[PDB]
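Data block below; observations after.
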Amino acid sequence: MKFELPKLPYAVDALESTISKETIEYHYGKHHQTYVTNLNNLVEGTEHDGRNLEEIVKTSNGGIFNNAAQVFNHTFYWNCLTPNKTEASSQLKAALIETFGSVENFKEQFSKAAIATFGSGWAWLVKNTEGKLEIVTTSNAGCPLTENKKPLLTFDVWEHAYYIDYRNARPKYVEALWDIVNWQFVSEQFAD
Amino acid sequence: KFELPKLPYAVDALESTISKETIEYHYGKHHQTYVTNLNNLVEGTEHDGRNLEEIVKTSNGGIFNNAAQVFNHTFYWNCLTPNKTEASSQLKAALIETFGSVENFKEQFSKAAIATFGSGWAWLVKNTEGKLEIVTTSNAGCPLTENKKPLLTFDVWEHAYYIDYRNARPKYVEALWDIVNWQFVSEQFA
Ligand SMILES: [Fe+3]
Ligand SMILES: [Fe+3]
C-alpha cells in the first residue's frame, strides 16, 4: 500500500547535546518525511507499488531508488542512535577486535572514512556474506543492500545531518556521534 | 601559491538573499579549505605551478575535487551581485532561441537546480554548436572538463543555503534571481 515515516525511537530532544532538537525537527520531520512522500508518489501504479522497501532499494533506479534508499538509510540511522547506555555484544566485540585490532581502532577508521567522504553520503559498517566486517562508504542515496551487504551501523554525512549544530565542522559531529551510538542495535544486526 | 580571491562585494552585500553568516562560512571557510587543500595536494606533483583551469582539465581524484571546487566557487561569487544588472541583447537573443523566452530559461534553470540530487551545481554553458545549454554537475563536477563554456552557476550543495533556508532549496533558488549578475553572465558569454 503506502510507506510511512517510522516513529522516531525517542523524543525529539533525547539526543541533545549531540544532535539538537532543531536538527531532528528538520532531518526527521522534513527531510526523511519528504523522501517518504516522494517515494509513495513515484511508486504509485508501478511494479514497485506493493514491494517491500528492501526489494525496492535493491532493484530500482532513478528517482524511485533515490527516495527508497534514503527512506531506508534514514530509518537505519535513527535506530543507530539512542539516549540510552549501550555496549557491544561479546560477539560483535570479538569480531571488531579480530578485524580492526580493537574497538577503538574500528572507531578511528570509521571516523576517518566518514570525514573523508566527499559530497553527500553515508559511512557504513557492514557484514558481507562470508560474515566478514568491512567499512563501506556510499554517495548520495547509496545503500549497501544493493551490494548484498548487511548494514550494521551508519553515519549520515549529508550536510543537513550536521549543519545546524556544527556548520562545516563535520569532524566534531562524527566525534560526538560516538556518544549516542546504539551498540545494542548494531549488535542485533551483527547477530547471524 | 593559490590564494582565496577577494569577494566582489562586502560580506553583507547579498542580504537578504544570502546572509553575512552564509558568506562567512561558505566563502571564508569552505572556499578557503578547497584552496588550502589544493595547495597541499599539488605540491611535488606535475600540477605544481600549473594554472587552476589547466589543473581542472587535467587532474583526477583529490586534486580535481579541490581544484574544481575552487574554480566553481569563484565563478559562483562572480555570478551574484548587490547591483542592478541586465542581460546583453546577444545573450537575451540566444536565451530566447534556445529556451523560448528569458522567463522560460529561468523556470528550466530553477527546475534543474532544484532537481539536482545530493551536492552539486546547476550551469548555463555554451556548447560546441555555439548554443546555450543547461547542465548539472555532481559534487565538484565542472563543465570545463567537457570543454564547455560556463556562463552562470548556482551552488546547490546544502552549505550554500542551509543557514538561510534550511531544507527549502526552492526558496533559495527562487531568491537567487534577485542577485544574479547579468553583466558577468554577458561578459562570459561574449
Ligand atoms: Fe540525512
Ligand atoms: Fe559551495
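Residues in the C-alpha cells are numbered from 1 in each chain, the chains being A, B, ... in the order shown, and ligands are numbered from 1 in the order shown.
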Per-residue nearest contacts chain A to chain B, cut-off 8 Å, using only C-alpha atoms, as JSON lines:
{"residue": "A:26", "atom": "CA", "partner": "B:167", "partner_atom": "CA", "distance": 7.5}
{"residue": "A:30", "atom": "CA", "partner": "B:167", "partner_atom": "CA", "distance": 7.7}
{"residue": "A:31", "atom": "CA", "partner": "B:167", "partner_atom": "CA", "distance": 7.2}
{"residue": "A:118", "atom": "CA", "partner": "B:139", "partner_atom": "CA", "distance": 7.6}
{"residue": "A:119", "atom": "CA", "partner": "B:139", "partner_atom": "CA", "distance": 5.5}
{"residue": "A:120", "atom": "CA", "partner": "B:118", "partner_atom": "CA", "distance": 5.7}
{"residue": "A:140", "atom": "CA", "partner": "B:118", "partner_atom": "CA", "distance": 5.5}
{"residue": "A:158", "atom": "CA", "partner": "B:118", "partner_atom": "CA", "distance": 7.9}
{"residue": "A:159", "atom": "CA", "partner": "B:158", "partner_atom": "CA", "distance": 6.0}
{"residue": "A:160", "atom": "CA", "partner": "B:158", "partner_atom": "CA", "distance": 6.7}
{"residue": "A:163", "atom": "CA", "partner": "B:162", "partner_atom": "CA", "distance": 7.2}
{"residue": "A:164", "atom": "CA", "partner": "B:163", "partner_atom": "CA", "distance": 7.1}
{"residue": "A:167", "atom": "CA", "partner": "B:25", "partner_atom": "CA", "distance": 7.8}
{"residue": "A:168", "atom": "CA", "partner": "B:30", "partner_atom": "CA", "distance": 7.4}
Return as JSON, numbers by chain every polymer residue, whether protein, DNA or RNA, with at least one atom no more than 12 Å from an atom of ligand 1; count only C-alpha atoms and all ligand atoms. {"A": [23, 24, 25, 26, 27, 28, 29, 30, 31, 32, 33, 34, 35, 67, 69, 70, 71, 72, 73, 74, 75, 76, 77, 78, 120, 121, 122, 123, 139, 140, 141, 142, 154, 155, 156, 157, 158, 159, 160, 161, 162, 163], "B": [118, 158, 167]}
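Counting only C-alpha atoms, residue 46 in chain B has the following residues at most 10 Å away, ignoring those fewer than 4 positions along the same chain: residues 42, 50, 55 and 59 of chain B.
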Mind writing the picked residues with C-alpha atoms as a compact mmCIF listing (two decimals), in the first residue's frame?
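Now in result-v5.txt:
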# COMPACT_ATOMS: atom_id res chain seq x y z
CA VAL B 42 49.58 19.90 -5.83
CA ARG B 50 50.31 24.96 -13.20
CA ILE B 55 44.52 21.53 -13.29
CA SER B 59 43.57 16.14 -12.80
Residues within 9 Å of residue 179 in chain B, please, as a tab-separated table (two decimals) with N, CA, C and O atoms, in the first residue's frame. Count only C-alpha atoms; anything in the same chain fewer than 2 positions from it doesn't count.
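Saved result, result-v5.tsv, follows:
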chain	number	residue	atom	x	y	z
B	14	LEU	N	24.86	40.83	-0.07
B	14	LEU	CA	23.86	39.99	-0.71
B	14	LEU	C	22.64	39.73	0.20
B	14	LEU	O	21.73	38.99	-0.18
B	17	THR	N	19.12	37.96	0.45
B	17	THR	CA	19.08	36.71	-0.31
B	17	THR	C	20.01	35.67	0.32
B	17	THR	O	19.62	34.51	0.55
B	79	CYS	N	28.90	35.38	-10.28
B	79	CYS	CA	27.51	35.30	-10.75
B	79	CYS	C	26.51	36.03	-9.87
B	79	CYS	O	25.33	36.09	-10.21
B	80	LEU	N	26.93	36.55	-8.73
B	80	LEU	CA	25.98	37.22	-7.84
B	80	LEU	C	26.35	38.69	-7.73
B	80	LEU	O	27.51	39.03	-7.92
B	81	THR	N	25.40	39.55	-7.42
B	81	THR	CA	25.78	40.97	-7.21
B	81	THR	C	24.72	41.73	-6.41
B	81	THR	O	23.53	41.38	-6.49
B	82	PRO	N	25.16	42.74	-5.62
B	82	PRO	CA	24.18	43.63	-4.99
B	82	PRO	C	23.63	44.67	-5.96
B	82	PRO	O	22.66	45.36	-5.61
B	83	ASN	N	24.21	44.78	-7.15
B	83	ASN	CA	23.92	45.88	-8.07
B	83	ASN	C	22.91	45.47	-9.08
B	83	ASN	O	22.76	44.27	-9.32
B	84	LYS	N	22.24	46.45	-9.66
B	84	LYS	CA	21.32	46.25	-10.79
B	84	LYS	C	22.10	45.87	-12.06
B	84	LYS	O	23.04	46.56	-12.43
B	85	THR	N	21.71	44.76	-12.70
B	85	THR	CA	22.34	44.33	-13.97
B	85	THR	C	21.24	43.86	-14.93
B	85	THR	O	20.08	43.67	-14.53
B	175	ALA	N	15.06	32.90	-4.72
B	175	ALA	CA	15.66	34.14	-4.20
B	175	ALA	C	16.95	34.53	-4.95
B	175	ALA	O	17.26	35.72	-5.10
B	176	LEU	N	17.68	33.53	-5.47
B	176	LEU	CA	18.91	33.83	-6.17
B	176	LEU	C	18.74	34.79	-7.35
B	176	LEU	O	19.62	35.59	-7.60
B	177	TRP	N	17.62	34.71	-8.09
B	177	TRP	CA	17.42	35.55	-9.27
B	177	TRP	C	17.54	37.03	-8.92
B	177	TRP	O	17.95	37.85	-9.76
B	181	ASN	N	24.07	38.23	-11.49
B	181	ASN	CA	24.84	39.27	-12.17
B	181	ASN	C	24.77	39.04	-13.65
B	181	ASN	O	25.59	38.30	-14.22
B	182	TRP	N	23.80	39.66	-14.30
B	182	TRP	CA	23.64	39.53	-15.72
B	182	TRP	C	24.78	40.16	-16.55
B	182	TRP	O	25.00	39.77	-17.70
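For the choices B:64, B:9, B:71, B:189, the atom-to-atom distance to ligand 2 is smallest for B:71 when using only C-alpha atoms and all ligand atoms.
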Step one, run DSSP on the backbone; step two, keep only residues of chain A assigned to strand (DSSP E or B); then write them as an NGL selection string. :A and (81 or 121-127 or 133-139 or 150-156 or 181)
